[PDB]
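Engineer: When you get a sec, could you give me coordinates for this:
(4 chains)
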Amino acid sequence: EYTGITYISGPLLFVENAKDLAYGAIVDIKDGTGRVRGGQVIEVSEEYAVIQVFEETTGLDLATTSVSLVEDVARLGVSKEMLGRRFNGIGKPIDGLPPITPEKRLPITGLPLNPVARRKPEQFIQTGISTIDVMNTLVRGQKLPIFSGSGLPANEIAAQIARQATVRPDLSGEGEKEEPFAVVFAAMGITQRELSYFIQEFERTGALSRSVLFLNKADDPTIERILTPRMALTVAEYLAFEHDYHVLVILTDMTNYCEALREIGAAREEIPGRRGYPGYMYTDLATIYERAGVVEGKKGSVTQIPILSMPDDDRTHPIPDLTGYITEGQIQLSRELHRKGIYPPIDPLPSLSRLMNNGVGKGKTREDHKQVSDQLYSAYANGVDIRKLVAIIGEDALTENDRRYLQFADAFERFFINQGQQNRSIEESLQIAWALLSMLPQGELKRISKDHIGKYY
Amino acid sequence: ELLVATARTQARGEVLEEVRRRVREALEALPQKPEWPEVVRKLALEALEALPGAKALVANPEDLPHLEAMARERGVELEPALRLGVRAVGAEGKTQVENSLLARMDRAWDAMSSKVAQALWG
Amino acid sequence: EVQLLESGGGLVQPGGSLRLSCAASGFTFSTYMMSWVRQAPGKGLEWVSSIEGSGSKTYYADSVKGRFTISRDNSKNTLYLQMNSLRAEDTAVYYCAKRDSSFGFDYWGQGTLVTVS
Amino acid sequence: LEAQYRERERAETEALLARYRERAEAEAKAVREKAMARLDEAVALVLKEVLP
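Structural biologist: Numbers count the residues shown, from 1 in each chain, chains lettered A, B, ... in the order given. See the structure here:
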């Protein structure tokens, strides 16, 4: 128990008599509040070290300080059976019963997955929202952040994806219902309502005996907002890959993440370099997102669904910045369809998609929405855009042609994008879609083929 | 499935805590078994081989006949009031790396929780 | 019933060597710590040596250190004491403690007499 | 019609739980007894690796 402080302020401490510590090492410590906290040796020094405590200092005298190298690397006990159990960012189960015995004690830092070991997926799922399963096509081993503004809901929409997440039985040409489907959760900062709101929709889901919850609250330390992410994903790696189950991971409150990221950003030595946020931010959002992917030789998968909550509707803001680039195919929510009462309020007009004829829309993914996706785009556009152009050109001025454009706007959006407690299968989507498309005569419907038209007449 | 899982854990706990009970009984009579001189030197060994210089060694005076070899190796032994551990205090300053049995018992589910369980259960 | 049978006693010259054996039955031999205790004629009980269930830990009295080796064969249910560099003060009935629940003497053999002369 | 469907289901979703509770409890006992006769063996394993 090494004594001798030099700097204490926040969850970053410095204490001397050290050089026996390694990068990424579990120590313990003593405080004047008569409690034993944690510490990750994030940085190491000549005769001191930088420690990162797993709790906020609210008391620490300089008479009583301690350091005890527990282990050289830093780890968490992880075992096969831990499904049905709830957890927190510390890593203690919050159930009330003795903590389970590991099989492996895997690092919490994370081991990256080989880009060679993956291969293009092609087995799609029902999200119970039409719009996704047509336009972007949410497949296993793929990310798809759901961008959410501040003053906008984030919770509401998320719940819809959790109780209506389900593989196709052979609508894609196969199922994966033959292997158990399960879900993983981990919240990074939640209040009083968001706590209970999530739990009561998991009883709707009927899953609370086959899910692993790593809930981090805001009454819980602020340092565990960036520990918990990595931590959670290692219990994904263990159960998808090495025990062959298709595990859905759902990460929310990646703005409360970013609060904690900022802290270390400037309070440590390192200087800001991403327009007032850190420059080692990249790595912090790489190590997180890049783990996930269907591996070729494994049956099972980690399907990650990021749910942002980013400050306002800026796009220069750090969060949507890096996140955009990282993910392949994206989904957005706005305030155009949230003034109309349409839950979810997905808007794909500014949104973008990069996988929809890239191993998806072809393959064991149906080709019957292949040309539909391409068509819906330029068709939905004709809509939204001219709603603006009308208020300049005239006040009600629209020509024979443009009249039709705007006619297909109000309609498509209402029917289609209001799902919520309503599930639509691959077939149910396309039928309805084509009947709103009959509002435009042939010549704007060039992109759909001769077959398609009649197909879903 | 949850009422099955929970009940197994409660029983499983009873077995883990019960091995600790048995191991702590051993510890109370550990100086009474004659392997006590072999235990104290290897714990005092690791304390000095590490970072400390061994400017002082602190064990009980009734563990002093069993660590008088190491009185003459490094420093002098003056009490933990345990009779179950050995502090050593470095010359790099305050330092202090303490190898106590209590700590290691306690950490025997904090670093080899797997080993014991496999032998218990499989 | 716990049954313990010492063998290998008798007469040794000073500086000589002897090996005591003790057979065990009536219990699961490998899960128990085992000891040797001796008694000189008309004198008290002196602890000689101890060995863990697995054989991984051994313990010796200061009077016998370097000269005596305790060992066990868990497939044969046999405990051994190898004794080298014998002297007249090692003349005793050697009892086999079989078996120490953790450290104490729960059961005793019938003893084997070693005479060093 | 709802009235006579509900009370059918309810009376099986108690019994089913009840039967599972008797297995649960007994399999709690079945993990105890396997360990408790290989208990001394564990304790030898703990002892050997706390003395360094």
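Engineer: Show the residue spans covered by the strands in the stretch 201-350 of chain A.
Structural biologist: Here the stretch 201-350 of chain A has its strands, by DSSP state E, counting those that start in this stretch, at A:211-215, A:246-252, A:293-294, A:301-307, A:331-332.
Engineer: Nearest to residue A:170, out of the ones you listed?
Structural biologist: Closest of these to residue A:170 is strand A:246-252, at 15.7 Å (criterion: CB to CB). C-beta here means a position set from N, CA and C on the backbone, and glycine is covered the same way.
Engineer: What pairs with that closest one, parallel or antiparallel?
Structural biologist: Applying DSSP bridges, strand A:246-252 is found paired with strand A:181-187 (parallel), strand A:301-307 (parallel).
Engineer: Just name the most buried of the ones you listed.
Structural biologist: Stretch with highest mean neighbour count among the strands paired with strand A:246-252: strand A:301-307 (a mean of 24; mean count of other CB atoms under 10 Å in any protein chain shown).
Engineer: Could you pick out the residues of chain B near chain D for me?
Structural biologist: Within reach of chain D by CB under 8 Å from any CB of the partner chain, chain B has these residues: B:3-4, B:6-8, B:10-12, B:14-15, B:18-19, B:22-23, B:26, B:38-39, B:42-43, B:46, B:99, B:101, B:104-105, B:108, B:112, B:115-116, B:119-122.
Engineer: Which other helices and strands does the helix ranked longest in chain B contact?
Structural biologist: Longest helix in chain B, counting residues (DSSP state H): helix B:2-28. The contact analysis (3 or more CB pairs under 8 Å, 6 or more residues apart in numbering or on different chains; DSSP states H and E) places helix B:2-28 against helix B:101-106, helix B:113-120, helix D:15-36, helix D:40-47.
Engineer: among these, which is nearest residue A:273?
Structural biologist: Nearest to residue A:273 among these is helix B:113-120; the distance by CB to CB comes to 42.2 Å.
Engineer: Now tell me what touches the closest one from outside.
Structural biologist: Outside helix B:113-120, the residues within contact range by CB atoms under 8 Å, 6 or more residues apart in numbering or on different chains are A:77, A:101-105, B:15-16, B:19, B:108-109, D:34-35, D:38-39, D:41-42, D:45-46.
Engineer: One more pass at 7 Å, please.
Structural biologist: A:77, A:101-103, B:15, B:19, D:35, D:38, D:41-42, D:45-46 (CB atoms under 7 Å, 6 or more residues apart in numbering or on different chains).
Engineer: Going by distance to residue C:37, which of those wins?
Structural biologist: Of all the contacts of helix B:113-120, the one with the least separation from residue C:37 (CB to CB) is residue D:41, at 25.2 Å.
Engineer: Can you lay out the strands paired with strand A:246-252 as JSON lines showing distance to residue A:21?
Structural biologist: As requested, these are exported to JSON lines (distance: least, CB to CB, whole Å):
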{"stretch": "strand A:181-187", "distance to residue A:21": "28"}
{"stretch": "strand A:301-307", "distance to residue A:21": "32"}
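Engineer: nearest to residue A:150, of these?
Structural biologist: For the strands paired with strand A:246-252, proximity to residue A:150 was assessed by CB to CB; strand A:301-307 is nearest, at 13.3 Å.
Engineer: can you dump the C-alpha coordinates of that closest one into PDB?
Structural biologist: C-alpha atoms of strand A:301-307 as PDB (Å, rounded to 0.1, in the frame of the first residue of the first chain):
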ATOM      1  CA  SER A 301     -23.200 -13.300 -34.900                       C
ATOM      2  CA  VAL A 302     -23.000 -10.000 -33.100                       C
ATOM      3  CA  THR A 303     -25.500  -7.600 -34.700                       C
ATOM      4  CA  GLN A 304     -24.900  -4.200 -33.200                       C
ATOM      5  CA  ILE A 305     -27.600  -1.500 -33.400                       C
ATOM      6  CA  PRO A 306     -26.100   1.900 -32.200                       C
ATOM      7  CA  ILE A 307     -28.800   4.400 -31.000                       C
END
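Engineer: Name the nearest residue to residue A:420, ignoring sequence neighbours.
Structural biologist: residue A:343 (5.1 Å; CB to CB, 6 or more residues apart in numbering or on different chains).
Engineer: And for the one you found, the neighbour number?
Structural biologist: 18 (other CB atoms under 10 Å in any protein chain shown).
Engineer: before we move on, what about residue A:197?
Structural biologist: For residue A:197, the count of nearby residues is 16 (other CB under 10 Å).
Engineer: Now it: phi and psi?
Structural biologist: phi -60, psi -40 (degrees, to the nearest 10).
Engineer: try residue B:43
Structural biologist: Main-chain torsions, residue B:43, degrees, to the nearest 10: phi -70, psi -40.
Engineer: what does residue A:432 give?
Structural biologist: Main-chain torsions, residue A:432, degrees, to the nearest 10: phi -40, psi -50.
Engineer: tell me the contacts of it?
Structural biologist: Applying CB under 7 Å, 6+ apart, we find residue A:432 in contact with A:415-416.
Engineer: go on, residue C:3?
Structural biologist: C:25-26.
Engineer: Please report how far it lies from chain B.
Structural biologist: According to CB to the nearest CB, to the nearest Å, residue C:3 and chain B sit 24 Å apart.
Engineer: How many residues are close by the closest residue to residue C:68 other than its chain neighbours?
Structural biologist: The shortest distance from residue C:68 to any residue other than its chain neighbours is 5.0 Å, reached at residue C:83 (CB to CB, 6+ apart). Residues contacting residue C:83 under the criterion other CB under 10 Å number 24.
Engineer: Quick check: the closest residue to chain C within chain D vs chain A, distance?
Structural biologist: Closest approach between chain D and chain C, counting by CB to the nearest CB: residue D:40, at 4.1 Å. Counting by CB to the nearest CB, the gap from residue D:40 to chain A is 19 Å.
Engineer: Can you verify my assumption that that residue contacts residue C:30?
Structural biologist: No - Residue D:40 is beyond contact range of residue C:30, at 9.2 Å (criterion: CB atoms under 7 Å).
Engineer: Looking only at neighbour counts, state which of those two leads.
Structural biologist: Neighbours per residue, other CB under 10 Å: of residue D:40 and residue C:30, the larger number sits with residue D:40, 19 against 16.
Engineer: Please name the spatially closest residue to the more buried one (chain neighbours excluded).
Structural biologist: Nearest in space to residue D:40, with sequence neighbours left out and distances taken as CB to CB, 6+ apart, is residue C:31 at 4.1 Å.
Engineer: Name the residue closest to the centre of chain C, please.
Structural biologist: With distances taken as CA atoms, centre = their mean, the residue of chain C nearest its centroid is residue C:36 (3.1 Å).
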